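Residue strings, one per chain:
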There are 2 protein chains.
Amino acid sequence: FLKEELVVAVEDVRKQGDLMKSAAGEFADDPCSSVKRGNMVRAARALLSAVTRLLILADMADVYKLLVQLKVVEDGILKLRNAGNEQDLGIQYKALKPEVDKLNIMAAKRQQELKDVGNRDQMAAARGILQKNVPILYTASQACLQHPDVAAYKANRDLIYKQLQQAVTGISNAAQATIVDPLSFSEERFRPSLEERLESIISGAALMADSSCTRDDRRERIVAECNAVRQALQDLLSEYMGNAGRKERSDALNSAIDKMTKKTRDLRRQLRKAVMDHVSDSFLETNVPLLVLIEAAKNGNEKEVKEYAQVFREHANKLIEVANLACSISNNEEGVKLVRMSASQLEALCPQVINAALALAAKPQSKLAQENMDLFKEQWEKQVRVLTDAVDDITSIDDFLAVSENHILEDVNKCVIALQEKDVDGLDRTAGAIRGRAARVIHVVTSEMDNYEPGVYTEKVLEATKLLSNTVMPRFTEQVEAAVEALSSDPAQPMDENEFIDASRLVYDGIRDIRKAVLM
Amino acid sequence: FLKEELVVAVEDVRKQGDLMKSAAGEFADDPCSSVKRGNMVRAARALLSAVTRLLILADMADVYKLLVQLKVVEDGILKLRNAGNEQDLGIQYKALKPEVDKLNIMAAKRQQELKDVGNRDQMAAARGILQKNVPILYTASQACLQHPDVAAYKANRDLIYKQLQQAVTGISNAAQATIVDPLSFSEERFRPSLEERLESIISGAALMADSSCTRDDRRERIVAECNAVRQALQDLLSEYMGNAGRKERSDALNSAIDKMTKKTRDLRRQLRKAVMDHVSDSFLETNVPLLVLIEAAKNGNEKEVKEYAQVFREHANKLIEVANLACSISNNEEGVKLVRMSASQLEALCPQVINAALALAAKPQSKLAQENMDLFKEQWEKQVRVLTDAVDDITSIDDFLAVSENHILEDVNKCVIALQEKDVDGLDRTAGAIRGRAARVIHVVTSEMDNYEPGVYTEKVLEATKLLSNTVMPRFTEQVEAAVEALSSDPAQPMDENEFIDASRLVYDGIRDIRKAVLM
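Residues numbered from 1 in each chain as written, not as in the entry; some residues may be left out. Chains lettered and ligands numbered in written order. Heavy atoms only, no water. Residues with missing side-chain atoms left out of burial classes, pairs and counts.

### Digging into the overall build of chain A
Along its length, chain A carries 18 helices and zero strands. Taking 24 Å as the expected radius of gyration for a compact globule of 520 residues, we find that chain A reaches 31 Å, considerably beyond that expectation. Once the C-alpha set of chain A is aligned to its principal axes, its extents read approximately 105 × 80 × 50 Å. (Helix = DSSP H or I, 4+ residues; strand = E, 2+ residues; numbered from the N terminus. Rg over C-alpha atoms; globule rule 2.2 N^0.38 Å.)

What follows is the structure, given as structure tokens:
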């Protein structure tokens, strides 16, 4: 198998190589010779075969190598979880750290070798989870030995083990392996025949919408633009059916499709201007399911914690979905991998967050718990911001600023009208959304400017950003709360409508002068 | 470009080869060395690159070569068509015969090189038509010079030229290279939401019948089974509308669809057992529009020839349609291409057949015409049998024998009853249909057995086939005519009812023991 095949391969490669050299030579001395030429050709082909045979054999060498190390790490992981005393536990992790690393290398190898990108993604995703959890399993399984009466800890340890076991299998599964979608799909229509097989590849493969999980506007917009392009496709399939044979150029009918089909591809640009906006219709409030999910457990409340798991979990994955929708549309693979990977890790760091809350809700005094939470908290936010920053790039920074401009405008007035309606519950709420999108805008603008060389362009932009967050925003928040303390205190002190409006306007305008500075 | 690149390629291949040899060596003396090993690997990869670079360059050499020869044959073909005197004409064909051949070789080269099979098919199809027509163009364009007042000849010559021009382009087009429908449709239903978008993709896309262009039975059968499955779909769309959300398993309602929808897919199997039967309800009589369409023109009858064009043309295309219906249902692409292609060629060889008859009907003595017809006749039948054999495979040989069993039975009795009714016009007619389906059965049975290894199974089958065509059939035909000469001769000689029935029964039985032998 191993060495066996190798020597054998070296042979074929050696022999064919010699015959190729001579042939190549005889051709060099007589390049204007047709025969001597053909000889060189056949020779080249023969060389290819010998060379490839070695590559294939070489692939086995790598695969096998991956297997050996894979099985080693498998047992090691289970041995770590089953550790009973801190002595054995510490001993296992040390003998596993290297084994894990080695496998990590070998994994990256097959990852590249795997042809179809799909499997390649699985390999990297599996490798990641494996790489991240291995250390965590140690910390989890360790806690169970210090507090054997904390089912919460045991449950966590096992969940990590589960994910780890998954990764290992995923590596082997992908090791046996051997893009956008609307882009490549739209490029298919041009022939004087078979209108029956094209009508099926353009019909049954052009019916995949999505929508949902967005605000009412995004649903409406998507509904209108999706119907306008569906009709478009049918105008292309009903008008095209009249070309026949000789119409192999561009007349009134063939172009009746070329003007409808070639232009209506807009649906794509519609779903984008419809998704990228989620970033401000349910984002910045990223801490919302953590800075309370923790406070619950941190207060010895085992009840409002169980119910919060779903609440937390819900807002989380919902965010990842939109991140995926951003992947469906984006021929950018390098960036899709980033997003899809950042999503996987963050998708795997989910159960851990819950386990933490569980162990803390039962022991809001256990310094080990309060620290375990604090630690997990840090890792969750850290993994969130990245997935977020990874996505902010999968899209157009500029487009983001555009949608943020309109939406900001909407919520801004929602507050202004709330100030008039003297509805604090709304005044507060709306104001918050304003602070959200605003900051979400300053972060994306700045994080995107790190790819540009400092200068007039970067200066005029950051300044516009500095103002909105340093001068603007504060004066507005100062007015929001100022209004609140004018109806909940005593009967109801008179609110200064003026300053509130002008202050709030600065917010919107601020975004405007930043967007304008971004373009320039 | 050519030689230029070559010498260059030989270099990279030469240098890399040397470095590879040494590396391979150092590894041989120390195979247990990891470093020396890696070296060998990197070396192997480097060799691959040098080798490939040569292959690519080599591809150009072949492509270019194809181009040169392609342009040569192009002009030659046009020069042949424009020939005015038998002198120049004969001269061109001779200087083209070789040019054509050379290109034929070069074409076969790129054909293999082309990666995607699709283009590969085009290359072969284009090459074929080019190979076949080149000689024909000569015979056609030649006739026009001997009888300049025969538009029929001119029209033919040009059509050949058109096809030839097509092939050439098709070769160059493919040289730049590197599904079913009911099957994929039925696999769509499984989700706790959006019952409004699924109801439209399962309703508006499940309404495409056909029927017609068959005997009364095939229309009735199709009508019954199409209505039984239409109702079925509505039992799936009316019962499904009650799953809601939690019903994500398989209860009484969700399965009320799973038992109706999952079983009624039979409509498909109905349209098949309804189409494959055409093969004996309007086939074998394939010569019928030729062995008379010719006799007409061959008798200097320019009148019954014009009217026969439509008659001939009608029976032809009708046959192709059914061949297409056999394509709609058959996920087999490789076979569909065959059928669809065999149909195209035969669909293009149609106008030519007519042109022949036209030129002969006007000159039933012109040895040039009588030969042109004889030639065209051969090509039409040849292209027919193939399209036919191509289709006989797109279906189930066994199923064909089944339907042939029932239909034979019907026509058989139609004759027996005709013998009793003493209706010769029917006796003759029916008997013919019997001889048709019968032979159509023996050919399909034998042509299908060429895919099986000779032995007991093949023996017991062919014999059953041999009997039906050697012993059976004859004794029956002998009785049919024998009965005819028993009422048209003198007043009406007494017919021997006995022998006629027994003889005719052999026909049916013959088919039975062949079908049974096919199964076994």
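### Quick notes on the packing of aromatic side chains
Where two aromatic rings form a pair, the distance of their centres and the angle of their planes describe that pair. Under the criterion given, the structure shown has ten aromatic pairs over all chains. A ring pair is formed by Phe 476 of chain A and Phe 500 of chain A, whose centres lie 5.9 Å apart and whose planes are at 75°; its orientation type is edge-to-face. A residue pair is termed long-range when its members are at least 10 positions apart, and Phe 476 of chain A in helix α17 (residues 456–484) and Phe 500 of chain A in helix α18 (residues 497–519) qualify at 24 residues. Here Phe 476 of chain A matches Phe 500 of chain A in class, with each residue buried. Geometry around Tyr 161 of chain A places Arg 81 of chain A over its ring, the cationic atom sitting 6.0 Å from the centre. Over the face of the ring belonging to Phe 185 of chain B we find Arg 189 of chain B, whose NZ or CZ atom lies 5.8 Å from the ring centre. (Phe/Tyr/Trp six-rings, centres within 6.5 Å; stacked < 30°, edge-to-face > 60°. Buried < 20%, exposed > 50% of the residue type's maximum accessible area, 1.4 Å probe, protein only. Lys NZ or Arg CZ within 6 Å of the ring centre and 35° of its normal.)

### What about the interface of chain B and chain A?
The interface of chain B with chain A comprises 27 residues on the first partner and 28 residues on the second. For the chain B and chain A pair, buried surface summed over both sides reaches about 2600 Å², with 73% attributable to carbon and sulfur atoms. The shortest N-O distance in the salt bridge between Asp 18 of chain A and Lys 21 of chain B comes to 3.1 Å. In this assembly, chain B and chain A are joined by three residue pairs in polar contact. Breaking the side of chain B that touches chain A down by element, the ones donating at least two residues are α1 (2–28), α2 (34–81), α7 (195–201) and α13 (333–361) of chain B. (Contact = heavy atoms within 4.5 Å. Buried area = accessible area lost by both parts, 1.4 Å probe. Salt bridge = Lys/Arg side-chain N within 4 Å of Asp/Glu carboxyl O. Polar contact = N/O pair within 3.5 Å; in protein donor to acceptor, adjacent residues only side chain to side chain.)

### A look at the domain arrangement of chain A
On domain assignment, one finds that chain A holds domain 1 (2–174), domain 2 (179–189 + 261–269 + 298–393), domain 3 (190–260) and domain 4 (396–520). Relative placement of domain 1 of chain A and domain 4 of chain A: their C-alpha centres are 51 Å apart. (Domains from an automatic or database assignment.)

### Some remarks on the environment of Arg 230 of chain A
Residues and elements named next belong to chain A. Residue position: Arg 230 is located in helix α8 (residues 216–239). Classification of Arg 230 by relative accessible area gives partly exposed; the value is 38%. For the pair formed by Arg 230 and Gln 310, sequence separation is 80 residues and the distance between their alpha carbons is 37 Å. At a separation of 3.2 Å, a polar atom in the side chain of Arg 230 contacts the side chain of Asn 227.

### A short note on the side chain of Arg 440 of chain B
Take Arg 440 of chain B: it is sitting in helix α16 (residues 424–449). When its relative accessible area of 7% is taken as the criterion, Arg 440 of chain B is described as buried.

### A closer look at a nonpolar patch on the surface
All names here are of chain A. There is a patch of nonpolar side chains on the surface, built from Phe 1, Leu 2, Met 60, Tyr 64, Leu 67, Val 68 and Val 72 and spanning about 620 Å² of accessible area. Per-element tally for the nonpolar patch: the top contributor is helix α2 (residues 34–81), with five residues. As for its placement among the helices and strands, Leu 2 is situated in helix α1 (residues 2–28). (Patch = residues over 30% accessible without salt bridge, like charges linked within 9 Å, V, L, I, M, F, W, Y side chains within 5 Å. Areas by Shrake-Rupley, 256 points an atom, 1.4 Å probe, with all protein chains shown as cover.)

### So, unusual backbone geometry
Among all residues save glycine, negative phi is the norm, and among peptide bonds the norm is trans. The phi angle at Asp 490 of chain A is positive, at roughly 60°, despite the residue not being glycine. Its place among the elements puts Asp 490 of chain A in the loop between α17 and α18. Although it is not a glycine, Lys 422 of chain B adopts a positive phi angle of roughly 55°. Mapped onto the elements of the fold, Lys 422 of chain B is located in the loop between α15 (397–420) and α16.

### A word on the state of the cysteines
Residue and element names in this part refer to chain B. Under the defined criterion, the tally for this structure stands at zero disulfides over all chains. In this model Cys 213 remains outside any disulfide bridge; the closest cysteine sulfur is found in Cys 226, 15 Å from its own. For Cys 213, a relative accessible area of 41% gives the class partly exposed. (Disulfide = S-S within 2.5 Å.)

### Remarks on helix α8 (residues 216–239) of chain B
With 24 residues, α8 of chain B extends 35 Å between its outermost C-alpha atoms, agreeing within 8% with the 34 Å of an ideal straight helix rising 1.5 Å per residue. Its buried side turned inward, α8 of chain B meets α7, α9 (254–258), α10 (266–275) and α12 (303–328) of chain B. (Expected span 1.5 Å × (residues − 1).)

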